[PDB]
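First, one chain by itself: the form deposited in one PDB entry, in structure tokens.
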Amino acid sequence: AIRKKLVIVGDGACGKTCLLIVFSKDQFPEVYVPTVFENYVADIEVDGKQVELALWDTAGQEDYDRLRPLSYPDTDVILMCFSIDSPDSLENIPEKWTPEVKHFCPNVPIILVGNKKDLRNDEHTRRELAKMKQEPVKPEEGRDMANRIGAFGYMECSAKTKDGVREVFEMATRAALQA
């Protein structure tokens, strides 16, 4: 088993903390959803290769420009997250997060991940967003942003239902193994 490092970036409302928790427990917490995530080393076998994948969150570091880059050294794969219920989180991807990750993690693959995909067809979400002349992020808008920023790929998932969560981390492992 080789050791690889994964870091998740994105706005506070993107659901990055919840994604790491649901993956590490293989369960959406039934009694208490933790506020924070410390770290975790996942045992993953992707396409016959065994990897120890260390997971790191950047939540709480968003307003601290000198503390936040300290999470980046020797990262092997970046998960760049946005929330499908928040077009404002997707707009922050190309000219805030992308140039920062390209500067501190040169040549590291980036997977653009659309979180909370279960809210795309949620009536309360559609009613609330319509008040600001908005709607849930469409799948093609996600793919176009991923193409534009030079991402390795585009994926979607729901931490609430677990759908697509395992796939994201297996693909991130494959990306971390590439030359």
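Each residue number is its position in the shown sequence, starting from 1.
Note that the form solved in complex with a small molecule isn't included here; everything after this is about it.
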Residue 155: touches the small molecule in the deposited bound form, heavy atom cutoff 4.5 angstroms: no
Distance check, residue 26 to the small molecule in the deposited bound form, heavy atom within 4.5 Å: yes
Heavy atom of residue 123 within 4.5 Å of the small molecule in the deposited bound form: no
